[PDB]
There are 2 protein chains.
Amino acid sequence: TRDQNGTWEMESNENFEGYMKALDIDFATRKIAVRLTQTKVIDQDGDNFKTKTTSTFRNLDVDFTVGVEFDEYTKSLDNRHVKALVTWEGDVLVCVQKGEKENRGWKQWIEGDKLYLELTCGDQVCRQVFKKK
Amino acid sequence: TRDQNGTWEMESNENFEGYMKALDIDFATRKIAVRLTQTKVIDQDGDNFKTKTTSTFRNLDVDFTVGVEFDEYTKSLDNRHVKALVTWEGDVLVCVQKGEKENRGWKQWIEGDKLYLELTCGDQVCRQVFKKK
């Protein structure tokens, strides 16, 4: 069939490394791209094609119980070991990540239809906002 | 509310760069990570949390008509200009990407519930397989 319409989820990707190297893509980018999975959306009308591609990586799950300190290896970021403790301050979920970095942690809370997450390390604050789907 | 259950899609991410730099994450990784959007799935039962996070990047759309040569800037890969021509060979969609690289192109076809995509550059072949969702 010539009908390639649909939403297509990558199951297999062989020698993406060699292909990217042949295209002179830098080592650091190749290290990251080989870990990604793609979803390809094809909208086809006769010989007219529109394709949309998204690349995704799944991070390690983070599971915890409030009030119970746990070991965290921060593989999605700097790959360090921290001892994390999550507590409630009112309706704000507060985490302290004890380790090499000073003032490392995060705070997470709900307002309206949105989730707020503030990440801290040293004097740096990152603010993320998520909408409920 | 302390109930943070749900699927949460990132709408905003401020100073992720400064945070990552504070964590000593390498330049090349930071260049990539600032472009990503996250989906956070929270499964919460009392003070028991399970969180799953996925990071995604959306690539540029690729639109074309079979038989009509078009200009392609390969932003998702090596950022080169090629003149791409897609033709049918039977039910196989064949693209030649004319430019600096020799033997650059791809072939795409359906078999059963799967889409096959073979990418070539020089002597390198990458084979991807997708399942229909």
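Naming convention: chains lettered A, B, ... in sequence-line order (proteins, then strands); numbering from 1 in each chain. When reading the values below, keep in mind they use all heavy atoms of this one structure, side chains included, and skip hydrogens, waters and symmetry mates.
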query: If contact means a heavy atom pair closer than 4.5 Å, which residues of residues 7-19 of chain B contact chain A?
result: B:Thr7, B:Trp8, B:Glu9, B:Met10, B:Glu11, B:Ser12, B:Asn13, B:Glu14, B:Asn15, B:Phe16, B:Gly18, B:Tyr19

query: For the residue pair B:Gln4 and A:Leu93, what are the closest heavy atoms and their distance?
result: OE1-CD2, 3.7 Å

- prompt: Heavy atoms under 4.5 Å from chain A: which residues of residues 105-124 of chain B carry them?
  reply: B:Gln108, B:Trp109, B:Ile110, B:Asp113, B:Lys114, B:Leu115, B:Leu117, B:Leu119, B:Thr120, B:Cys121, B:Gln124

- request: Sort B:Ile42 into side chain, backbone, both or neither according to what part of it lies under 4.5 angstrom from a heavy atom of chain A.
  value: side chain

message: Tell me whether the count of non-hydrogen atoms from other residues, nucleotides or ligands lying under 6.0 Å of CD in A:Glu102 goes above 12.
response: no

field: Structural part of B:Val41 lying under 4.5 Å from a heavy atom of chain A
entry: neither

- prompt: Shortest non-hydrogen contact from B:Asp63 to A:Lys50?
  reply: OD1-CA, 3.2 Å

query: Between B:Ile25 and chain A, which part of the residue has a heavy atom less than 4.5 Å away: side chain, backbone, both or neither?
result: side chain

- prompt: Side chain, backbone, both or neither: which part of A:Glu100 has a non-hydrogen atom closer than 4.5 Å to chain B?
  reply: neither

- request: Let me know if B:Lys52 has heavy atoms under 4.5 Å from chain A in its side chain, its backbone, both or neither.
  value: both

- request: Could you tell me whether B:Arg80 and A:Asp24 have a side-chain N and a carboxylate O separated by less than 4.0 Å?
  value: yes

Proximity breakdown for B:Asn103 and chain A, heavy-atom pairs closer than 4.5 Å: neither

query: For the residue pair B:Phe49 and A:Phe64, does the interplanar ring angle fall in the parallel (under 30°), tilted (30 to 60°) or perpendicular (over 60°) class?
result: parallel

